[PDB]
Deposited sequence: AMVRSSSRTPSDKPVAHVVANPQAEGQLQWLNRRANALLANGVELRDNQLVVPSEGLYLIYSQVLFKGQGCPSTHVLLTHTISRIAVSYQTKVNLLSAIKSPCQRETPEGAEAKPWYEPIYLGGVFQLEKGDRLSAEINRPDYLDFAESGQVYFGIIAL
């Protein structure tokens, strides 16, 4: 009847950084310090997504990450929940572009007041222009 849920999205203007905005947070969940703040204990369904693009390809090796992290009330420690890593640049270019999305999602026990980050190593290579399909969200079960 009041099952916690949240879904947020990126900020296209924010000069090289993944700021989560214009926010659909319901039934307790908050967005504080760019971090989904849980409102109660239980079983939750946690996902996210981010998108990349680079013109050409630089020879110094390009390595793109994404990571959802739990900061538990139990230990105040930044535990990795979901994470991925990508190698767009294998060959240098001609100078033609490339695009690469990353998405994560799992079911997770969470506790009253656990904070959840969602971050990336290289905000400079974001592709904000793709109708803003760079999101983050959670859902109680």
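For this chain, the deposited residues without C-alpha positions form the stretches 1-10, 32-35, 108-111, given in sequence order.
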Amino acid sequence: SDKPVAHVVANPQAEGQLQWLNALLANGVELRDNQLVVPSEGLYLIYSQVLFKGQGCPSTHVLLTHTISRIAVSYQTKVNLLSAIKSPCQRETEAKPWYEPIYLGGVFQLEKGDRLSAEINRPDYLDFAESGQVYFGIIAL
From here on, numbers count along this sequence of modelled residues.
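We call the rigid core whatever largest set of C-alpha positions still superposes within 1.5 Å between the two forms.
In summary, of the stretches 66-74 and 107-115, 66-74 shows the greater Cα distance from the shown form in 6 other deposited structures of this protein, with structures fitted on the rigid core. Where the structures in 6 other deposited structures of this protein are fitted on the rigid core, 49-57 is the one of 49-57 and 29-37 whose C-alphas sit farther from the shown form on average. When the other compared entries with both flanking residues are checked, residue 102 is modelled in all of them, not unmodelled in a third. Gaps at residue 93 occur in at least a third of the other compared entries of the protein that contain both adjacent residues. When the mean C-alpha temperature factors of 25-33 and 53-61 are read from the deposited coordinates, 53-61 comes out higher. For the pair 94-102 and 77-85, the record assigns the higher mean C-alpha temperature factor to 94-102. Remark: residue 14 belongs to the highest third of its chain, ranked by C-alpha B-factor as recorded. Annotation for residue 131: CA B-factor lies in the highest third of the chain's modelled residues.
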